[PDB]
Amino acid sequence: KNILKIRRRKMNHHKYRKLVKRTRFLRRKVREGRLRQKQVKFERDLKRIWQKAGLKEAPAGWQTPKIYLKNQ
Amino acid sequence: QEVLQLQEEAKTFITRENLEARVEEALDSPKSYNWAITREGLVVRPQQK
Amino acid sequence: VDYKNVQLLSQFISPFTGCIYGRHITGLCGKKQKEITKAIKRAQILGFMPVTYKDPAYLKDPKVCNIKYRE
Amino acid sequence: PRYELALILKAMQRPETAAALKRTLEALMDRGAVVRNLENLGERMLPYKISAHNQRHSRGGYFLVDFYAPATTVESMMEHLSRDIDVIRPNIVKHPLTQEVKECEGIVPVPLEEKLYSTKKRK
Amino acid sequence: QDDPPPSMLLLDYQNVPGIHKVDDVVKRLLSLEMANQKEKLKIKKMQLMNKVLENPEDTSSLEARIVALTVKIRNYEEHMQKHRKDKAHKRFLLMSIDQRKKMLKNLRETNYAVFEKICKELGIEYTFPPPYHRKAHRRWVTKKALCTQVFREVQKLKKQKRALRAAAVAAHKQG
RNA sequence: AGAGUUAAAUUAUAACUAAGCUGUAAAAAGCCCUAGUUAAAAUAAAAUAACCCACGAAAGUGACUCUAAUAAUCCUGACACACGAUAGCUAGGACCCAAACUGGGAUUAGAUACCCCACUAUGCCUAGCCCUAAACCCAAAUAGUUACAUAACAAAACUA
Ligand SMILES: [Mg+2]
Ligand SMILES: [Mg+2]
Ligand SMILES: [Mg+2]
Ligand SMILES: [Mg+2]
Ligand SMILES: [Mg+2]
Ligand SMILES: [Mg+2]
Ligand SMILES: [Mg+2]
Ligand SMILES: [Mg+2]
Ligand SMILES: [Mg+2]
Ligand SMILES: [Mg+2]
Ligand SMILES: [Mg+2]
Ligand SMILES: [Mg+2]
Ligand SMILES: [Mg+2]
Ligand SMILES: [Mg+2]
Ligand SMILES: [Mg+2]
Ligand SMILES: [Mg+2]
Ligand SMILES: [Mg+2]
Ligand SMILES: [Mg+2]
Ligand SMILES: [Mg+2]
Ligand SMILES: [Mg+2]
Ligand SMILES: [Mg+2]
Ligand SMILES: [Mg+2]
Ligand SMILES: [Mg+2]
Ligand SMILES: [Mg+2]
Ligand SMILES: [Mg+2]
Ligand SMILES: [Mg+2]
Ligand SMILES: [Mg+2]
Ligand SMILES: [Mg+2]
Ligand SMILES: [Mg+2]
Ligand SMILES: [Mg+2]
Ligand SMILES: [Mg+2]
């Protein structure tokens, strides 16, 4: 009966958790790896604007904070 | 009607002086609430002493 | 029903236990059962009435409830 | 009457008793209370033995104080009662006579519930 | 803040005959002094509906309900001050602040002048519901902040580059 | 949601008394700073009433008392707003009892389990998060009707 659907899920979940334990630190890399792409693409997004709006420098008092890498 | 009830009880209240009376009276006359029931709905209050 | 007359509340309590009889014993309306129950609990915490036995004074009083213990 | 004060007091002789009650109602009349009445319910042996102020008591005197007081106050009086050395247990209840009697018209008899299960010609 | 004075004689006793001759004890018993809070809220209700309204009698009046609701809100706010952890009552308050806004939108559509005067009296302000409810998140708030400042700059630069042209062409026209 | 309170039970810790006490299908290990009795705070959890069916939007809520208190003259409505069992995370307290983990003991071919014994994170409070459930009554909201009508089963069928 419908348990037979749940069994599949139950297994697929278990078999996933196990995986994410072994793979943990590999995972941890690739997460942060993409956060450093994010923050960069983000930056370029704004850089694009100065250069598109004709300004040479980034406007006064702009440090362009890091949102994605926010921790603690 | 309410206001007049309270007007009536205002004579019977305990005030700073009557403490000396009231307290001395409270000890003199113990009162019971103890109260019972009968299967017919009737009450039997405490037996006469 | 007042929490003050412990005799009354004693009438609805099991003598040996200190139990509170259910409707199916006491035979009361809903509101009167509830009333009695709350009243009792009050009488217990304030300590006009004890918890684990029916006060002996009141064992000899009229019995309301339908229980037969001794056969 | 608005509030009700159940005083269980250490059983003493008469003078000491009088003192205790007097100062109690003084405290109340100071927090803003109007005292209606004082009902001595006697000295009884307590239903069970009560431990307060490092004394374990068997008997006690019983008192009932009806009074009107402002909402804000009740805490204050409770505190000053708990502090007291001869109160063997305090309490304050909304006076029973504010609560209404809504007439039990009687038992409204409950009929058996029907149309729970579908009509099925089973077996 | 308003203050329904301690002696104010609870509402239901206000208009009955022969009150002021009565001795100070009973007056003290029927005062706001010995009252529940509900009573004080009946008073606040009365006073507010007198100051603000037109016809004290109409309950169904859109105005009336706005005033009443506002009284209860003001109460939930104090109850909010004293209990900050109470989620239930926070819910009530925030539903109610809203419903009041609903009926205010009704007044603003239907009877304008009246709506206006109520907003004046009760200190309620009507902020039109802004289109597009979108959760502003860090990335967006930041990118907008930047853009806003880029604008604020390019109009400055345009201003100066045209200002030196104004100065040059005027200094050539003068001599 | 606050603030105050405790009846039963349990535990420290003393006074006696006996050597055992605990524990299972049967045992073992375990403890004799143990056990029975008599005293007794804290902490935690709330017999009976309940054969009741109330209160909350839902989660949830049933020891006692007082304070505050339960939106809308009441239609539907989100990716917006505010909440959201357990477990979990952060800091500080608490610690009777329970208890993942773990260490003993049995059982077993094996036994990383079911049974036994200890003991921990943790359940508890205050403040902040996390936002998941067989979060299910698997039955959307608001007005209706019992006409028409049986796929099956289950809680009977349908309009707008
Ligand atoms: Mg699979
Ligand atoms: Mg990736
Ligand atoms: Mg059938
Ligand atoms: Mg708290
Ligand atoms: Mg105890
Ligand atoms: Mg013991
Ligand atoms: Mg012990
Ligand atoms: Mg056995
Ligand atoms: Mg051995
Ligand atoms: Mg039960
Ligand atoms: Mg239930
Ligand atoms: Mg209220
Ligand atoms: Mg409602
Ligand atoms: Mg709606
Ligand atoms: Mg949660
Ligand atoms: Mg937790
Ligand atoms: Mg622990
Ligand atoms: Mg301890
Ligand atoms: Mg343990
Ligand atoms: Mg093992
Ligand atoms: Mg085998
Ligand atoms: Mg087995
Ligand atoms: Mg331990
Ligand atoms: Mg909890
Ligand atoms: Mg559930
Ligand atoms: Mg279910
Ligand atoms: Mg679902
Ligand atoms: Mg819906
Ligand atoms: Mg609704
Ligand atoms: Mg029809
Ligand atoms: Mg068939």
# chains A, B, ... in the order shown; residues from 1 in each chain; ligands from 1
>>> select_by_dssp(residues="chain A", states="alpha helix (DSSP H)", output="NGL selection string")
:A and (3-22 or 24-53)
>>> interface_residues(of="chain E", to="chain B", cutoff="8 Å", atoms="only C-alpha atoms", output="PyMOL selection string")
chain E and resi 22+25-26
>>> residues_near_ligand(ligand="ligand 5", cutoff="12 Å", atoms="only C-alpha atoms (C1' of nucleotides) and all ligand atoms", output="PyMOL selection string")
(chain D and resi 49-51) or (chain F and resi 6-11+40-43+96)
>>> residues_near_ligand(ligand="ligand 25", cutoff="12 Å", atoms="only C-alpha atoms (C1' of nucleotides) and all ligand atoms", output="PyMOL selection string")
chain F and resi 58-60+84-86+133-138
>>> closest_residue(among="D:102, D:5, D:10, D:61", to="chain F", atoms="only C-alpha atoms (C1' of nucleotides)")
D:5
>>> interface_residues(of="chain E", to="chain A", cutoff="9 Å", atoms="only C-alpha atoms", output="VMD selection string")
chain E and resid 138 to 139 142 to 143 146 to 147 149 to 151 153 to 154 157
>>> write_last_selection(atoms="N, CA and C atoms", output="tab-separated table (two decimals), in the first residue's frame")
chain	number	residue	atom	x	y	z
E	138	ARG	N	19.01	41.84	1.05
E	138	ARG	CA	20.30	42.54	1.08
E	138	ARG	C	20.80	42.91	-0.31
E	139	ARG	N	20.80	41.94	-1.22
E	139	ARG	CA	21.33	42.20	-2.56
E	139	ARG	C	20.63	43.36	-3.24
E	142	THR	N	21.10	46.84	-1.51
E	142	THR	CA	22.43	47.33	-1.80
E	142	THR	C	22.51	47.86	-3.22
E	143	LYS	N	22.11	47.06	-4.20
E	143	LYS	CA	22.21	47.50	-5.58
E	143	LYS	C	21.41	48.77	-5.83
E	146	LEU	N	23.38	51.77	-4.31
E	146	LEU	CA	24.42	52.16	-5.26
E	146	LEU	C	23.83	52.96	-6.39
E	147	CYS	N	22.80	52.41	-7.03
E	147	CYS	CA	22.28	53.06	-8.21
E	147	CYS	C	21.85	54.49	-7.90
E	149	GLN	N	23.01	56.43	-5.68
E	149	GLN	CA	24.18	57.31	-5.55
E	149	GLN	C	24.86	57.60	-6.88
E	150	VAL	N	24.88	56.62	-7.79
E	150	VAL	CA	25.38	56.86	-9.14
E	150	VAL	C	24.59	57.98	-9.83
E	151	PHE	N	23.27	57.94	-9.71
E	151	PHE	CA	22.40	59.00	-10.25
E	151	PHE	C	22.74	60.36	-9.67
E	153	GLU	N	25.31	61.33	-8.49
E	153	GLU	CA	26.58	61.81	-9.05
E	153	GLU	C	26.56	62.30	-10.49
E	154	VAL	N	25.93	61.54	-11.38
E	154	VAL	CA	25.95	61.88	-12.80
E	154	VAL	C	25.21	63.19	-13.04
E	157	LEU	N	27.89	65.86	-12.11
E	157	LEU	CA	28.88	66.00	-13.18
E	157	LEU	C	28.32	66.75	-14.39
>>> residues_near_ligand(ligand="ligand 22", cutoff="12 Å", atoms="only C-alpha atoms (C1' of nucleotides) and all ligand atoms", output="ChimeraX atom specification")
/F:25,107,113-115
>>> residues_near_ligand(ligand="ligand 29", cutoff="10 Å", atoms="only C-alpha atoms (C1' of nucleotides) and all ligand atoms", output="list in words")
residues 57, 72, 74, 75, 76, 141 and 142 of chain F
>>> write_last_selection(atoms="N, CA and C atoms (P, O5', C5', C4', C3', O3' and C1' of nucleotides)", output="PDB file, in the first residue's frame")
ATOM      1  P     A F  57      -9.201  32.686  17.537  1.00  0.00           P
ATOM      2  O5'   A F  57      -8.668  32.345  16.067  1.00  0.00           O
ATOM      3  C5'   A F  57      -9.316  31.375  15.251  1.00  0.00           C
ATOM      4  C4'   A F  57      -8.373  30.810  14.223  1.00  0.00           C
ATOM      5  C3'   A F  57      -7.622  29.551  14.639  1.00  0.00           C
ATOM      6  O3'   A F  57      -8.363  28.366  14.366  1.00  0.00           O
ATOM      7  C1'   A F  57      -6.088  31.147  13.776  1.00  0.00           C
ATOM      8  P     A F  72     -13.255  43.492  17.520  1.00  0.00           P
ATOM      9  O5'   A F  72     -13.531  44.433  16.287  1.00  0.00           O
ATOM     10  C5'   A F  72     -14.647  44.193  15.476  1.00  0.00           C
ATOM     11  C4'   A F  72     -14.264  44.214  14.034  1.00  0.00           C
ATOM     12  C3'   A F  72     -15.374  43.800  13.094  1.00  0.00           C
ATOM     13  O3'   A F  72     -16.260  44.870  12.817  1.00  0.00           O
ATOM     14  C1'   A F  72     -13.460  42.560  12.597  1.00  0.00           C
ATOM     15  P     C F  74     -20.255  43.745   7.773  1.00  0.00           P
ATOM     16  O5'   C F  74     -19.599  42.450   8.433  1.00  0.00           O
ATOM     17  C5'   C F  74     -18.193  42.229   8.375  1.00  0.00           C
ATOM     18  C4'   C F  74     -17.854  40.756   8.352  1.00  0.00           C
ATOM     19  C3'   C F  74     -18.974  39.828   7.883  1.00  0.00           C
ATOM     20  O3'   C F  74     -18.403  38.673   7.247  1.00  0.00           O
ATOM     21  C1'   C F  74     -18.353  39.238  10.062  1.00  0.00           C
ATOM     22  P     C F  75     -16.947  38.692   6.533  1.00  0.00           P
ATOM     23  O5'   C F  75     -16.997  37.414   5.593  1.00  0.00           O
ATOM     24  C5'   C F  75     -18.220  36.999   5.005  1.00  0.00           C
ATOM     25  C4'   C F  75     -18.001  36.536   3.593  1.00  0.00           C
ATOM     26  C3'   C F  75     -16.553  36.304   3.198  1.00  0.00           C
ATOM     27  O3'   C F  75     -16.003  35.090   3.684  1.00  0.00           O
ATOM     28  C1'   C F  75     -17.616  37.538   1.512  1.00  0.00           C
ATOM     29  P     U F  76     -14.451  35.047   4.097  1.00  0.00           P
ATOM     30  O5'   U F  76     -13.702  34.837   2.717  1.00  0.00           O
ATOM     31  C5'   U F  76     -14.013  33.718   1.919  1.00  0.00           C
ATOM     32  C4'   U F  76     -13.390  33.822   0.559  1.00  0.00           C
ATOM     33  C3'   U F  76     -11.900  34.063   0.518  1.00  0.00           C
ATOM     34  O3'   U F  76     -11.129  32.920   0.814  1.00  0.00           O
ATOM     35  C1'   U F  76     -12.943  35.454  -1.043  1.00  0.00           C
ATOM     36  P     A F 141     -12.612  24.536   5.148  1.00  0.00           P
ATOM     37  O5'   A F 141     -12.942  26.098   5.026  1.00  0.00           O
ATOM     38  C5'   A F 141     -11.947  27.073   5.341  1.00  0.00           C
ATOM     39  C4'   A F 141     -12.191  28.417   4.681  1.00  0.00           C
ATOM     40  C3'   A F 141     -13.616  28.943   4.708  1.00  0.00           C
ATOM     41  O3'   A F 141     -13.961  29.525   5.961  1.00  0.00           O
ATOM     42  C1'   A F 141     -12.731  29.213   2.539  1.00  0.00           C
ATOM     43  P     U F 142     -15.370  29.204   6.683  1.00  0.00           P
ATOM     44  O5'   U F 142     -16.437  30.024   5.839  1.00  0.00           O
ATOM     45  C5'   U F 142     -16.327  31.433   5.716  1.00  0.00           C
ATOM     46  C4'   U F 142     -17.342  31.972   4.744  1.00  0.00           C
ATOM     47  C3'   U F 142     -18.703  31.328   4.823  1.00  0.00           C
ATOM     48  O3'   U F 142     -19.450  31.771   5.937  1.00  0.00           O
ATOM     49  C1'   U F 142     -18.075  31.501   2.567  1.00  0.00           C
TER      50        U F 142
END
>>> residues_around(residues="region 91-93 of chain F", least_positions_apart="5", cutoff="12 Å", atoms="only C-alpha atoms (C1' of nucleotides)", output="ChimeraX atom specification")
/F:124-129
>>> residues_near_ligand(ligand="ligand 17", cutoff="12 Å", atoms="only C-alpha atoms (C1' of nucleotides) and all ligand atoms", output="list in words")
residues 94, 95, 96, 97, 98, 99, 119, 120, 121, 122, 123 and 124 of chain F
>>> write_last_selection(atoms="C-alpha atoms (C1' of nucleotides)", output="PDB file, in the first residue's frame")
ATOM      1  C1'   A F  94      18.810  24.655  36.843  1.00  0.00           C
ATOM      2  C1'   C F  95      19.480  19.047  37.581  1.00  0.00           C
ATOM      3  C1'   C F  96      14.335  15.050  41.208  1.00  0.00           C
ATOM      4  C1'   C F  97      13.570  11.824  37.330  1.00  0.00           C
ATOM      5  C1'   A F  98      13.973  10.343  32.278  1.00  0.00           C
ATOM      6  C1'   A F  99      17.174   9.654  28.644  1.00  0.00           C
ATOM      7  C1'   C F 119      25.831   7.670  33.076  1.00  0.00           C
ATOM      8  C1'   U F 120      25.803  12.159  29.124  1.00  0.00           C
ATOM      9  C1'   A F 121      23.960  15.791  25.335  1.00  0.00           C
ATOM     10  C1'   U F 122      18.828  16.713  26.218  1.00  0.00           C
ATOM     11  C1'   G F 123      14.145  17.555  28.133  1.00  0.00           C
ATOM     12  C1'   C F 124      13.394  22.629  32.824  1.00  0.00           C
TER      13        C F 124
END
>>> decode(residues="region 1-40 of chain B", atoms="N, CA and C atoms", output="PDB file, in the first residue's frame")
ATOM      1  N   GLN B   1     -31.502  51.229  42.469  1.00  0.00           N
ATOM      2  CA  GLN B   1     -31.641  50.186  43.492  1.00  0.00           C
ATOM      3  C   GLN B   1     -30.278  49.721  44.018  1.00  0.00           C
ATOM      4  N   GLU B   2     -29.347  49.458  43.101  1.00  0.00           N
ATOM      5  CA  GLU B   2     -27.983  49.081  43.477  1.00  0.00           C
ATOM      6  C   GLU B   2     -27.355  50.122  44.398  1.00  0.00           C
ATOM      7  N   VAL B   3     -27.329  51.356  43.905  1.00  0.00           N
ATOM      8  CA  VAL B   3     -26.743  52.468  44.636  1.00  0.00           C
ATOM      9  C   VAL B   3     -27.320  52.576  46.048  1.00  0.00           C
ATOM     10  N   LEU B   4     -28.608  52.286  46.189  1.00  0.00           N
ATOM     11  CA  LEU B   4     -29.231  52.356  47.506  1.00  0.00           C
ATOM     12  C   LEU B   4     -28.876  51.165  48.399  1.00  0.00           C
ATOM     13  N   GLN B   5     -28.708  49.986  47.805  1.00  0.00           N
ATOM     14  CA  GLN B   5     -28.181  48.840  48.549  1.00  0.00           C
ATOM     15  C   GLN B   5     -26.839  49.182  49.183  1.00  0.00           C
ATOM     16  N   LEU B   6     -25.932  49.698  48.358  1.00  0.00           N
ATOM     17  CA  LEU B   6     -24.605  50.069  48.838  1.00  0.00           C
ATOM     18  C   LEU B   6     -24.686  51.181  49.880  1.00  0.00           C
ATOM     19  N   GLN B   7     -25.592  52.125  49.651  1.00  0.00           N
ATOM     20  CA  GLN B   7     -25.882  53.176  50.619  1.00  0.00           C
ATOM     21  C   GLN B   7     -26.283  52.603  51.977  1.00  0.00           C
ATOM     22  N   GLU B   8     -26.978  51.468  51.941  1.00  0.00           N
ATOM     23  CA  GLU B   8     -27.403  50.778  53.152  1.00  0.00           C
ATOM     24  C   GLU B   8     -26.266  50.036  53.829  1.00  0.00           C
ATOM     25  N   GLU B   9     -25.385  49.453  53.026  1.00  0.00           N
ATOM     26  CA  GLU B   9     -24.269  48.695  53.579  1.00  0.00           C
ATOM     27  C   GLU B   9     -23.154  49.615  54.090  1.00  0.00           C
ATOM     28  N   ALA B  10     -23.156  50.864  53.631  1.00  0.00           N
ATOM     29  CA  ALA B  10     -22.166  51.856  54.051  1.00  0.00           C
ATOM     30  C   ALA B  10     -22.246  52.148  55.549  1.00  0.00           C
ATOM     31  N   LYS B  11     -23.395  51.855  56.145  1.00  0.00           N
ATOM     32  CA  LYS B  11     -23.568  52.014  57.580  1.00  0.00           C
ATOM     33  C   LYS B  11     -22.951  50.823  58.311  1.00  0.00           C
ATOM     34  N   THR B  12     -22.887  49.686  57.623  1.00  0.00           N
ATOM     35  CA  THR B  12     -22.460  48.429  58.237  1.00  0.00           C
ATOM     36  C   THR B  12     -20.986  48.075  58.006  1.00  0.00           C
ATOM     37  N   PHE B  13     -20.284  48.895  57.230  1.00  0.00           N
ATOM     38  CA  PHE B  13     -18.890  48.617  56.895  1.00  0.00           C
ATOM     39  C   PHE B  13     -17.959  48.717  58.080  1.00  0.00           C
ATOM     40  N   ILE B  14     -16.780  48.142  57.908  1.00  0.00           N
ATOM     41  CA  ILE B  14     -15.751  48.256  58.910  1.00  0.00           C
ATOM     42  C   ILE B  14     -14.838  49.432  58.600  1.00  0.00           C
ATOM     43  N   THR B  15     -14.738  50.331  59.575  1.00  0.00           N
ATOM     44  CA  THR B  15     -13.946  51.548  59.472  1.00  0.00           C
ATOM     45  C   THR B  15     -12.925  51.557  60.600  1.00  0.00           C
ATOM     46  N   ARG B  16     -11.962  52.468  60.516  1.00  0.00           N
ATOM     47  CA  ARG B  16     -10.800  52.482  61.394  1.00  0.00           C
ATOM     48  C   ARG B  16     -11.101  52.256  62.886  1.00  0.00           C
ATOM     49  N   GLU B  17     -12.181  52.849  63.393  1.00  0.00           N
ATOM     50  CA  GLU B  17     -12.560  52.694  64.803  1.00  0.00           C
ATOM     51  C   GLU B  17     -13.136  51.315  65.121  1.00  0.00           C
ATOM     52  N   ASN B  18     -14.154  50.944  64.351  1.00  0.00           N
ATOM     53  CA  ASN B  18     -14.950  49.750  64.609  1.00  0.00           C
ATOM     54  C   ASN B  18     -14.124  48.460  64.609  1.00  0.00           C
ATOM     55  N   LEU B  19     -12.874  48.555  64.147  1.00  0.00           N
ATOM     56  CA  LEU B  19     -11.913  47.458  64.242  1.00  0.00           C
ATOM     57  C   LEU B  19     -11.939  46.880  65.640  1.00  0.00           C
ATOM     58  N   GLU B  20     -11.834  47.775  66.617  1.00  0.00           N
ATOM     59  CA  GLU B  20     -11.779  47.372  68.014  1.00  0.00           C
ATOM     60  C   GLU B  20     -13.037  46.604  68.404  1.00  0.00           C
ATOM     61  N   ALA B  21     -14.164  47.037  67.856  1.00  0.00           N
ATOM     62  CA  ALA B  21     -15.422  46.356  68.073  1.00  0.00           C
ATOM     63  C   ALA B  21     -15.424  45.058  67.285  1.00  0.00           C
ATOM     64  N   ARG B  22     -15.382  45.198  65.962  1.00  0.00           N
ATOM     65  CA  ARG B  22     -15.551  44.081  65.037  1.00  0.00           C
ATOM     66  C   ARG B  22     -14.697  42.869  65.363  1.00  0.00           C
ATOM     67  N   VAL B  23     -13.404  43.099  65.545  1.00  0.00           N
ATOM     68  CA  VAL B  23     -12.490  42.011  65.837  1.00  0.00           C
ATOM     69  C   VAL B  23     -12.906  41.306  67.112  1.00  0.00           C
ATOM     70  N   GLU B  24     -13.212  42.093  68.136  1.00  0.00           N
ATOM     71  CA  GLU B  24     -13.652  41.531  69.401  1.00  0.00           C
ATOM     72  C   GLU B  24     -14.944  40.739  69.205  1.00  0.00           C
ATOM     73  N   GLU B  25     -15.748  41.143  68.226  1.00  0.00           N
ATOM     74  CA  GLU B  25     -16.994  40.441  67.941  1.00  0.00           C
ATOM     75  C   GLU B  25     -16.781  39.179  67.120  1.00  0.00           C
ATOM     76  N   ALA B  26     -15.875  39.260  66.154  1.00  0.00           N
ATOM     77  CA  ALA B  26     -15.582  38.128  65.288  1.00  0.00           C
ATOM     78  C   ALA B  26     -15.181  36.893  66.096  1.00  0.00           C
ATOM     79  N   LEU B  27     -14.393  37.102  67.145  1.00  0.00           N
ATOM     80  CA  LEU B  27     -13.944  36.003  67.986  1.00  0.00           C
ATOM     81  C   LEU B  27     -15.081  35.485  68.847  1.00  0.00           C
ATOM     82  N   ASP B  28     -16.019  36.369  69.171  1.00  0.00           N
ATOM     83  CA  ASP B  28     -17.140  36.001  70.027  1.00  0.00           C
ATOM     84  C   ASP B  28     -18.110  35.069  69.311  1.00  0.00           C
ATOM     85  N   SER B  29     -18.387  35.356  68.040  1.00  0.00           N
ATOM     86  CA  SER B  29     -19.410  34.613  67.300  1.00  0.00           C
ATOM     87  C   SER B  29     -18.890  33.893  66.055  1.00  0.00           C
ATOM     88  N   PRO B  30     -18.285  32.709  66.246  1.00  0.00           N
ATOM     89  CA  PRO B  30     -17.928  31.871  65.103  1.00  0.00           C
ATOM     90  C   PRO B  30     -19.144  31.544  64.251  1.00  0.00           C
ATOM     91  N   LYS B  31     -18.958  31.609  62.940  1.00  0.00           N
ATOM     92  CA  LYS B  31     -20.014  31.312  61.981  1.00  0.00           C
ATOM     93  C   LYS B  31     -19.590  30.186  61.046  1.00  0.00           C
ATOM     94  N   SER B  32     -20.521  29.298  60.726  1.00  0.00           N
ATOM     95  CA  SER B  32     -20.232  28.227  59.797  1.00  0.00           C
ATOM     96  C   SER B  32     -20.886  28.458  58.454  1.00  0.00           C
ATOM     97  N   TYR B  33     -20.207  28.016  57.412  1.00  0.00           N
ATOM     98  CA  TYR B  33     -20.862  27.837  56.142  1.00  0.00           C
ATOM     99  C   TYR B  33     -21.231  26.391  55.915  1.00  0.00           C
ATOM    100  N   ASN B  34     -20.804  25.506  56.812  1.00  0.00           N
ATOM    101  CA  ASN B  34     -20.867  24.082  56.492  1.00  0.00           C
ATOM    102  C   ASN B  34     -22.303  23.624  56.340  1.00  0.00           C
ATOM    103  N   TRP B  35     -22.534  22.927  55.239  1.00  0.00           N
ATOM    104  CA  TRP B  35     -23.838  22.859  54.626  1.00  0.00           C
ATOM    105  C   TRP B  35     -23.957  21.541  53.866  1.00  0.00           C
ATOM    106  N   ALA B  36     -25.128  20.909  53.836  1.00  0.00           N
ATOM    107  CA  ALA B  36     -25.206  19.568  53.232  1.00  0.00           C
ATOM    108  C   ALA B  36     -26.301  19.429  52.187  1.00  0.00           C
ATOM    109  N   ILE B  37     -26.524  18.200  51.723  1.00  0.00           N
ATOM    110  CA  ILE B  37     -27.540  17.938  50.695  1.00  0.00           C
ATOM    111  C   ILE B  37     -28.316  16.630  50.940  1.00  0.00           C
ATOM    112  N   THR B  38     -29.572  16.584  50.502  1.00  0.00           N
ATOM    113  CA  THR B  38     -30.336  15.341  50.507  1.00  0.00           C
ATOM    114  C   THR B  38     -30.771  14.969  49.087  1.00  0.00           C
ATOM    115  N   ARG B  39     -30.928  13.670  48.826  1.00  0.00           N
ATOM    116  CA  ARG B  39     -31.199  13.157  47.483  1.00  0.00           C
ATOM    117  C   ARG B  39     -32.450  13.741  46.854  1.00  0.00           C
ATOM    118  N   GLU B  40     -33.265  14.404  47.663  1.00  0.00           N
ATOM    119  CA  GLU B  40     -34.464  15.052  47.159  1.00  0.00           C
ATOM    120  C   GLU B  40     -34.193  16.511  46.804  1.00  0.00           C
TER     121      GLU B  40
END
